[PDB]
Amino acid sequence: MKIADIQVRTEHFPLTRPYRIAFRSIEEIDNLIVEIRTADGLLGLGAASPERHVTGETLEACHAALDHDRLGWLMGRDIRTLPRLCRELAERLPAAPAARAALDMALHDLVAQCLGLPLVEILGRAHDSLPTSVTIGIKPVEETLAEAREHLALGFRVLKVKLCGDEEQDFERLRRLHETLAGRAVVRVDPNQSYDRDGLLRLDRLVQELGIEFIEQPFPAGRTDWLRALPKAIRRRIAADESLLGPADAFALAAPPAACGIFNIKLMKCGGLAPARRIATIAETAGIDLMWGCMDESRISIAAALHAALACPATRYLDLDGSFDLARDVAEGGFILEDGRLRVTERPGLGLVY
């Protein structure tokens, strides 16, 4: 199939809804858009959203790694050799997982078009659709319930709530919300490293009481020893996010005694579908459930993540809302949202429309 050409550009996306995360805040996001064209005319798409506090990858570095000069070795390479290409991406873009993921997506986009089916069918289909959470950032009780209701009306059945580590505020938000929802959506929480050992045992008791489904990354990334020191049943209700970048992390967390029961895979953390799939093999073997999450991102990479997600039997949760609050985007299609569930189209490849 033969790569002819590659274009890379910066795109600025302001958010319709700015929000707060633990020791942070976000009004807008930059992505890198990648276009890979085939000798015979086909177009693969990819998108990068580097997260520096997690992977160490700056936007400057991401863009650097995608510079036209540094990509020459891809010219004229045969996309049917995709897994070899993915290995070489890992070797030539060792420090830029988001950049690497962008190219990786695009190649998966093209190989599926070559074969003639939606990418998911090519990776083998484990699922037709799944519910996705939408995110509520850090904010006071009234505002929280206010956003909660907006989301219910847009038809979402799952809410992901960010916690700040102040137990008084965190707990009252969760109790009020549980009340206000009256069983209309389930809830998952994300303290984002802000808790401590005694704190989490407390939060976990609430979580059981309120029927919250799991707790995402309660302790600091390096603190996985704190996780293993918890009773096994509590560990099953905890997901690793910032602790989990690639397959090496997956294996280390999965090794007995296992650190947790859920992995949150993000393309921008691991560097594309190929490494994400290695994570899934490890997780499935270890009896660990997969959650597919994201950064603030164009529909392009959300779609890529969805196709991967629906191809893994171990996939259980989706947190795929990264493109919803974008003020504009550079592509349409790739997935369909209906009544809170995410689905792919019947179009070949990623199914994106330019």
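Residue positions are given as counts along the sequence shown, with the first one as 1.
Higher mean Cα B-factor in the deposited model: 176 to 184 or 127 to 135?
Looking at the recorded C-alpha B-factors, 176 to 184 comes out higher on average.
Of 145 to 153 and 185 to 193, which one has the bigger average CA B-factor?
If you average the C-alpha B-factors of 185 to 193 and of 145 to 153, the larger mean comes out for 145 to 153.
At the C-alpha atoms, which of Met291, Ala308, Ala47, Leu59 reaches the highest B-factor in this entry?
That would be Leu59, according to the entry.
Checking the record values for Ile302, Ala314, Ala64, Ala286, which has the greatest CA B factor?
Max CA B-factor in the entry, restricted to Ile302, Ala314, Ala64, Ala286: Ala64.
Please say which third, lowest, middle or highest, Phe171 falls into when its CA temperature factor is compared across its chain.
Within its chain, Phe171 is a middle-third residue by C-alpha B-factor, going by the deposited values.
Cα B factor band for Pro257 (lowest, middle or highest third within the chain)
Lowest third - that is where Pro257 ends up once the chain's C-alpha B-factors are sorted.
Would you mind ranking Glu216 by its C-alpha B-factor against the rest of the chain and naming the third, lowest, middle or highest?
Middle third, going by the recorded CA B-factors of the chain.
Ranked against its chain, the third holding the CA B-factor of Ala106
Middle third - that is where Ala106 ends up once the chain's C-alpha B-factors are sorted.
Report the third (lowest, middle or highest) to which the CA temperature factor of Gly199 belongs, ranking only the modelled residues of the same chain.
Ranked within chain, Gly199 CA B lands in the middle tercile.
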